Ligand SMILES: N#Cc1ccc(O[C@@H]2c3ccccc3C[C@H]2N2CCC[C@@H](N)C2)c(Cl)c1
Ligand SMILES: [Ca+2]
Ligand SMILES: [Ca+2]
Ligand SMILES: [Ca+2]
Ligand SMILES: [Zn+2]
């Protein structure tokens with residue numbers, strides 16, 4: 853079954869080269885926007901995260917202040 | 737490339753007369853380590869200019885993805901980092917609450 | 883140009899990771915002093 | 095696949111550094127060599143997406159396979175930091191750039218089996234990577250003559266002639282690249298000219314790869330022309346055009362030793378000779394002792410030819426009687 | 295083998311379907327391009343054969 857082995861070897865090599873050629877295509881406006889949207893979502897995640905971190909934290913310190 | 741082709745032909749014509757050779761025409765010919857320093861300077865200048873020209877190439881889909889993957893990894897690093905920061909912190913406050 | 887943008891992300895990563903690491907180090911030191919006081 | 099292995103591959107592909115670190119430090123059953131649908135393990139996925147932090151964590155593992163293929167993939171994509179990190183691996187101690206070390210799966214290698222890291226870096230003309238590999242002793246092997254009948258060449262011809270010819274063109278594609286030419290030899294302009302001639306010869310000898318060798322010899326011509334295009338003063342122009350004037354013999358009667366320019370004309374560089382920097386030097390030699398006649402229009406030069414034609418016997422008489430004279434010096438000029 | 299046979303089938307359908315002749319000629323050219331590109335990746339005589 854050397855023919856089946858060689859065909860699998862060449863098919864995989866074709867898939868890798870086909871994806872490389874697709875990566876060699878020029879970037880468009882749609883792709884750059886998907887990247888822009890990534891930054892936009894990261895901003896919402898991080899700003900809420902740190903705001904939540906301090907709100908829970910300051911509540912614990914508020915309990916500490918009440919205990920005195 | 738016609739301009740380059742002619743200038744090479746003219747230059748080949750010039751080198752015919754560069755030799756000391758014959759001065760009289762047809763009727764009358766019957767009768768009797854700075855170099856190493858400069859090369860290093862130019863090689864470095866070539867490398868810098870070659871990299872500038874490579875930077876002048878249009879961006880492709882592969883390069884933009886490597887940038888996209890950077891943002892993706894940064895998101896995982898920062899979200900875990902802040903989550904770890906509060907988990908260790910709240911554990912310390914939990915110990916403080918137990919101490920009272 | 884895309885590299886200058888990539889370098890921006892790279893510097894932002896170093897600034898934020900050190901920042902949060904510094905935030906907890908100073909914080910945990912204060913809690914360590916609190917634990918010593920008991 | 096497996097849930098644990100699928101999660102590990104997904105985290106290693108998408109830069110999830112904390113999760114891959116935790117799994118490396120806490121699983122003890124997940125094997126680092128698990129591969130995805132395309133047969134790419136964690137290291138190849140991390141390198142392909144340029145995850146330096148994950149790459150270093152994986153490289154600290156001992157039983158990590160596909161490390162040499164990971165180096166080859168990192169080289170082919172640029173990724174200087176990842177390339178240096180992989181070169182830090184103990185498998186590349188003192189050099190591995192001269204079996205199955207560069208295989209990217211069970212059967213086969215990602216690139217041609219003869220393409221070593223130095224050849225691959227030269228192909229992509231990564232100046233940073235080529236400089237790094239050259240500093241560690243990596244060199245392209247300078248393949249033997251086409252009609253070489255030695256034992257080593259003969260064995261390659263019998264085993265596979267198709268792969269042997271493709272290995273020869275791969276080596277020449279590495280030597281002819283500007284990145285390797287400028288960083289490997291002390292005299293890139295001299296090397297580029299000689300390699301340009303050699304590839305031009307091989308284009309005629311190898312009819313099958315005639316287009317490839319003509320393309321590579323054009324690269325060497327382009328490099329030498331581009332190297333001449335960067336010169337800014339007469340001293341740098343002479344260093345590219347004439348060569349090492351200190352060790353050159355001289356040019357006859359005060360000329361700038363046209364030996365390298367004669368070699369360029371023989372090799373038909375056609376753009377190095379036709380360059381304005383080169384044309385300026387030859388024009389000065391052309392109008393050697395006739396400074397005023399360069400600026401005159403073509404009509405004046407036509408009248409000069411007619412005047413010389415009428416006074417041609419007188420000029421011949423002057424040359425016989427007074428060879429070393431004002432007119433004798435002018436007549437010996439190439440334009441005269 | 296599949297690309298060759300599908301290339302022939304689409305070439306036949308280009309003549310039969312005059313309305314979609316340009317489409318079927320374009321698709322049969324894709325199958326030809328795939329088979330040529332698959333042959334272009336071969337590195338040794340065993341893969342070429
Ligand atoms: N110094 C010098 C020098 C002198 C003459 C040269 O060329 C000769 C000339 C000059 C003007 C008009 C017609 C012609 C015909 C040439 N003869 C040259 C001899 C060979 C013959 N086939 C062609 C050269 Cl190239 C160099
Ligand atoms: Ca695109
Ligand atoms: Ca690019
Ligand atoms: Ca990265
Ligand atoms: Zn040999």
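Protein chains in written order, with full-length UniProt numbering: chain A, 853 to 920; chain B, 737 to 768, 853 to 920; chain C, 883 to 920; chain D, 95 to 192, 204 to 441; chain E, 295 to 343.
Every residue, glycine too, gets a C-beta built ideally from N, C-alpha and C.
Which of helix, strand or coil does DSSP assign to residue i?
i                      : result
residue 878 of chain A : strand
residue 297 of chain E : helix
residue 214 of chain D : strand
residue 404 of chain D : helix
residue 208 of chain D : strand
residue 159 of chain D : coil
residue 126 of chain D : coil
residue 856 of chain A : helix
residue 349 of chain D : coil
residue 865 of chain B : helix
residue 906 of chain C : helix
residue 191 of chain D : coil
residue 441 of chain D : coil
residue 324 of chain D : helix
residue 767 of chain B : coil
residue 309 of chain D : helix
residue 759 of chain B : coil
residue 117 of chain D : helix
residue 171 of chain D : coil
residue 133 of chain D : coil
residue 352 of chain E : Here chain E has residues from 295 to 343 only, and residue 352 of chain E is not among them.
residue 316 of chain D : helix
residue 112 of chain D : helix
residue 737 of chain B : coil
residue 430 of chain D : coil
residue 422 of chain D : helix
Between residue i and residue j, what straight-line distance do the alpha-carbon atoms span, to the nearest angstrom?
i                      : j                      : result
residue 246 of chain D : residue 272 of chain D : 11 Å
residue 421 of chain D : residue 333 of chain D : 41 Å
residue 346 of chain D : residue 363 of chain D : 8 Å
residue 844 of chain A : residue 920 of chain B : Since the first residue shown for chain A is 853 and the last is 920, residue 844 of chain A is missing from the structure and cannot be characterised.
residue 925 of chain A : residue 887 of chain B : Since the displayed chain A opens at 853 and closes at 920, residue 925 of chain A lies outside it and no answer follows.
residue 865 of chain B : residue 401 of chain D : 38 Å
residue 874 of chain B : residue 176 of chain D : 20 Å
residue 160 of chain D : residue 285 of chain D : 26 Å
residue 436 of chain D : residue 336 of chain D : 33 Å
residue 855 of chain A : residue 338 of chain E : 14 Å
residue 291 of chain D : residue 303 of chain D : 19 Å
residue 231 of chain D : residue 441 of chain D : 50 Å
residue 98 of chain D  : residue 884 of chain C : 36 Å
residue 913 of chain B : residue 912 of chain A : 7 Å
residue 244 of chain D : residue 257 of chain D : 19 Å
residue 202 of chain D : residue 321 of chain E : Because chain D is numbered 192 and then 204 with no intervening positions, residue 202 of chain D cannot be located in this model.
residue 197 of chain D : residue 190 of chain D : Coordinates for residue 197 of chain D are absent, as chain D skips straight from 192 to 204.
residue 148 of chain D : residue 860 of chain A : 30 Å
residue 169 of chain D : residue 162 of chain D : 11 Å
residue 878 of chain B : residue 404 of chain D : 50 Å
residue 748 of chain B : residue 309 of chain E : 58 Å
residue 418 of chain D : residue 754 of chain B : 23 Å
residue 301 of chain D : residue 331 of chain E : 30 Å
residue 895 of chain A : residue 116 of chain D : 26 Å
residue 167 of chain D : residue 215 of chain D : 8 Å
residue 394 of chain D : residue 188 of chain D : 60 Å
residue 348 of chain D : residue 293 of chain D : 11 Å
residue 287 of chain D : residue 858 of chain B : 13 Å
Report the neighbours of residue i on chain G: residues whose CB is nearer than 7 Å to its CB, in chain order.
i                      : result
residue 341 of chain E : Among the protein chains of the structure shown, namely A, B, C, D and E, there is no chain G.
Subject >> Touching by the beta-carbon criterion (3+ pairs, under 8 Å), the segment 149 to 156 of chain D and the segment 209 to 226 of chain D >> reply: no
**OP:** Taking 8 Å as the threshold, find out whether the segment 334 to 347 of chain D comes into contact with the segment 377 to 388 of chain D through three or more Cβ pairs.
**Re:** yes
Original post:
What are the start and end residues of each continuous alpha helix (DSSP H) run of 4 or more residues lying completely inside the segment 359 to 405 of chain D, in chain order?
Top reply: 364 to 371, 381 to 391, 397 to 400
Subject >> Unbroken stretches of the alpha helix (DSSP H), 4 residues or longer, contained in the segment 216 to 304 of chain D >> reply: 222 to 228, 232 to 240, 256 to 264, 266 to 280, 283 to 289
Original post:
How about the segment 312 to 327 of chain D and the segment 346 to 359 of chain D: do they share at least three Cβ pairs that are nearer than 8 Å?
Top reply: no
Original post:
Is there contact between the segment 265 to 283 of chain D and the segment 302 to 320 of chain D, where contact requires at least three CB pairs shorter than 8 Å?
Top reply: yes
Subject >> Three or more C-beta pairs below 8 Å linking the segment 234 to 245 of chain D and the segment 213 to 223 of chain D >> reply: yes
**OP:** Evaluate contact between the segment 869 to 884 of chain B and the segment 119 to 136 of chain D, counting only Cβ atoms and requiring at least three cross-stretch pairs below 8 Å.
**Re:** no
Original post:
Are there three or more Cβ pairs, one per stretch, closer than 8 Å when the segment 164 to 182 of chain D is compared with the segment 139 to 152 of chain D?
Top reply: yes
**OP:** Give a yes or no on contact between the segment 887 to 905 of chain B and the segment 101 to 116 of chain D, applying the rule of three or more CB pairs nearer than 8 Å.
**Re:** yes
Original post:
How about the segment 371 to 380 of chain D and the segment 739 to 753 of chain B: do they share at least three Cβ pairs that are nearer than 8 Å?
Top reply: yes
**OP:** Taking 6 Å as the limit, tell me which residues put their C-beta closer than that to any heavy atom of ligand 6, in chain order.
**Re:** This structure lacks ligand 6; the ligands present are ligand 1, ligand 2, ligand 3, ligand 4 and ligand 5.
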